[PDB]
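**Q** Next up is a structure, given as structure tokens.
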Amino acid sequence: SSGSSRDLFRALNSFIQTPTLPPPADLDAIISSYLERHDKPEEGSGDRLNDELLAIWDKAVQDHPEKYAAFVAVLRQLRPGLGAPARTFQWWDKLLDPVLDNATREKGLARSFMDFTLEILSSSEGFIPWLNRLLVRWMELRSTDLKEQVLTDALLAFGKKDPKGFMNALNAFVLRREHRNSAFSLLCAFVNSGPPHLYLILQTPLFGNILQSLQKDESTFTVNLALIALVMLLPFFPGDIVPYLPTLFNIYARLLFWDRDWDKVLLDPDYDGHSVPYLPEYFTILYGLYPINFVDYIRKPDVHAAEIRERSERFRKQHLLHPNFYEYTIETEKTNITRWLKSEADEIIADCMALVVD
Amino acid sequence: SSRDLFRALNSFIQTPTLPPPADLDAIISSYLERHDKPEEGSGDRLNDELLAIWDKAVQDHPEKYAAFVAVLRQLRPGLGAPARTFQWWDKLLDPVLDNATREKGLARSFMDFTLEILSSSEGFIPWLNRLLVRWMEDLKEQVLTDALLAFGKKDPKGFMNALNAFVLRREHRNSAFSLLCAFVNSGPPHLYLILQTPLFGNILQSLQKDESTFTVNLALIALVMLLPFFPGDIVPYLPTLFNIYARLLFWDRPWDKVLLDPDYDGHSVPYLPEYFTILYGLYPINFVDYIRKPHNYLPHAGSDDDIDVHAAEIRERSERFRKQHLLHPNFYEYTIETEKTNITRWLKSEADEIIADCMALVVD
């Protein structure tokens with residue numbers, strides 16, 4: 001009883017028929033001996049194992065949700081022996097909806113499937129088909145339940161692996177009006193999880209569409225979500241936003257006068273307020289990154305210009321004199337990038353917060 | 001009634017009641033009535049008689065000094081030439097000062113005599129110089145102080161012209177700067193006239209050259225108090241004002257200089273933070289540009305790093321003041337040129353308003 005493929009069939013079928021909560025050590029031994037003694041899974045060993053796992057799922061597991069967690073636990077250990085890497089997709093894709101429908105009711109099922117997802121992403125590695133399935137189910141879903149945690153944590157895991165792919169797929173949902181609020185909410189959650197290579201959003205249409213929402217959408221709730229995402233994103237590529245400064249400043253002027261005057265989101269008269277709540281934080285990040293250019297915009301964007309100053313007064317009285325005023329001109333502030341070489345986003349955010357008095 | 005006036009005076013000196021008797025004021029009033037031109041002979045004879053009484057009866061009798069001053073106050077309109085009143089004030093100054101603490105009302109009577117002189121039909125430098133010299137040498141101090149402030153309130157430019165002579169003397173600079181602070185604090189008018197007098201330049205000269213921490217700090221307090229009274233006129237002085245800040249920022253590292261006093265002088269100028277506030281409050285864009293690029297203000301060798309090391313050091317030491325001040329509204333309104341060129345800021349503003357606006361920028 002040490003590595004036979006016949007043994008794996010007998011041990012798995014016996015375990016599925018009477019599952020224990022962690023798989024016993026002697027089951028791990030049979031699997032480990034099997035994986036060692038089968039070195040060519042793509043030559044036939046993986047195919048016969050797949051047919052067996054398919055049979056066990058069909059005949060014994062598919063219609064017994066209490067057995068899902070046990071089957072996933074076995075599926076995690078036997079993953080290296082499946083053979084072609086497309087078979088592991090086929091199994092995760094096969095288990096997605098069965099796991100999602102029973103995440104809140106079957107103990108440990110969410111945990112086992114999440115560990116299964118994480119192990120797939122961190123082995124020997126075009127995630128668009130995975131992401132879209134997670135995205136479409138997450139958009140339709142709208143205290144957090146286990147079903148929503150699985151979709152969120154899986155989306156965050158896939159986004160951590162492929163940040164550029166995560167944002168390209170999300171951009172499609174930003175373009176549709178009925179999902180823009182949900183897409184922007186998930187974007188905030190993505191940036192909050194601290195994924196790498198957030199600067200890749202510039203090689204993707206998402207950044208421009210965030211700005212388009214801030215310029216065109218008329219719902220106070222939508223624009224505020226877009227503004228929160230923008231404030232979180234800018235510290236991750238501050239030296240690359242120089243061409244966007246006129247747009248960013250015009251967005252500030254629009255939100256500053258929110259009480260006055262592309263698939264648009266209209267105003268919701270039931271919930272939308274008359275001022276953008278996150279506008280003060282937007283002033284802070286603009287003043288923290290490019291103060292000399294920002295105050296020059298406020299100085300020289302007529303009557304409307306004078307009003308821009310008057311409405312900026314309550315933000316001026318909240319910020320200390322910026323150190324850039326001792327070091328740079330309006331030109332070298334945009335051109336000299338030494339500020340950004342030395343500091344990362346977490347330091348840059350802290351430095352911006354250090355300027356706020358109230 | 002000329003002759004009957006003298007009879008009352010001669011009798012009163014030997015027979016004074018602490019207030020003058022009822023019969024003396026009546027003769028005086030009628031005397032001044034029928035004497036319509038005192039500078040044409042009547043005032044001259046009155047002076048000669050008053051001198052005689054002082055010599056033969058008053059000079060060495062201090063209790064009659066107070067009585068004599070009361071007589072001199074009432075007969076002041078009839079003395080004639082304005083030099084006659086000064087001659088008597090000049091003549092009585094030292095006798096009054098020597099007995100101010102011991103003879104009751106004498107200090108107050110001479111002060112009221114001084115106030116009556118200043119409030120009738122009206123430079124004052126000879127008055128001030130006499131007061132200044134004695135002040136540089138308590139009711140005696142109060143008389144000298146109140147009179148100097150009273151003369152300074154009437155003639156502010158003359159007060160500061162006379163004070164400039166004592167500022168130029170090293171042994172008198174600390175006291176002169178202290179008196180200047182007391183003068184500005186007394187709220188005198190026309191403080192902007194200090195620019196049409198050499199005193200302002202010598203305040204800046206002390207700030208640039210003197211080496212006593214105490215002296216420079218006094219000069220800095222005077223400068224901080226003065227700027228809100230003429231903020232739009234200091235544009236030609238900005239390079240000097242900025243260089244003074246840089247010198248005091250590194251305090252731990254002809255003209256009669258006050259040297260360092262090893263007994264009390266510290267290693268830092270206490271009033272430097274307030275100087276940053278007033279400079280940043282009045283000309284922020286020009287001030288931060290000086291800190292940004294002091295190359296534009298200081299002779300230097302462009303092929304060396306000494307001007308860059310100095311620039312970084314000025315910035316690094318200015319960090320603690322930067323963290324104390326809000327963003328200035330000028331950064332929304334002016335360029336470095338129009339901040340110096342646009343004077344609308346200063347038209348409606350008074351000294352107290354400019355100070356309050358400068359304080360509104362301080363985080364404390």
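A note on labels: chains of the structure tokens are A, B, ... as shown, every chain counts residues from 1, and ligands are counted from 1 in their shown order.
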Could you list, as a ChimeraX atom specification, every residue of chain B that has an atom within 7 Å of an atom of chain A, counting only C-alpha atoms?
**A** /B:288-289,291-292,315,322-323,325-327,331-333
**Q** Got a sec: who's within 10 Å of residue 67 of chain B, counting only C-alpha atoms, leaving out chain neighbours fewer than 6 positions off, as a list in words?
**A**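 Neighbouring residues, sequence-local ones excluded: residues 12, 13, 14, 15, 16, 17, 18, 19, 20, 58, 105, 106 and 109 of chain B.
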